[PDB]
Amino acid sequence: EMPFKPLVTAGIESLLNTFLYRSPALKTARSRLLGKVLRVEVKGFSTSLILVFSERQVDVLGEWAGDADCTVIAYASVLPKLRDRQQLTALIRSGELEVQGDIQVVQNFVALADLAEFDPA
């Protein structure tokens, strides 16, 4: 029997790495996140998601004893809305997404996801 939570964090990590780190065209967009710790608190879920950005991959953890550079709090249904910085600004303004710490981290993350969709690799 494999516990559920580590399987979920491993799955998210695999998805993020294939989507964001596989293409070398995105290197300059990923550089903006190097060394950043982004904590994601999904409302209604009892656990946190912590994304640690390095040069060759992002690591996803279910716990983090240290400091996060940016912390985002939102319901899961906000994720398909994070299409670009415009939508991100509207979500912050409406209170659908709450940001603590460095707002630039989540702006750079959303910008990277936007470019990852643009880039056909």
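Sequential numbering from 1, following the sequence displayed.
Looking at mean Cα B-factors across 65-73 and 25-33, the upper value is held by 65-73. As the entry records it, the average C-alpha temperature factor is higher for 1-9, out of 1-9 and 110-118.
Split the chain's modelled residues into thirds by C-alpha temperature factor. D84 is in the highest one. Per-chain ranking of the deposited C-alpha B factor places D59 in the lowest third. In the PDB entry, a CA B factor belonging to the highest third of its chain's modelled residues is recorded for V78.
Among the modelled residues of the chain, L49 sits in the middle third by CA temperature factor in this PDB entry.
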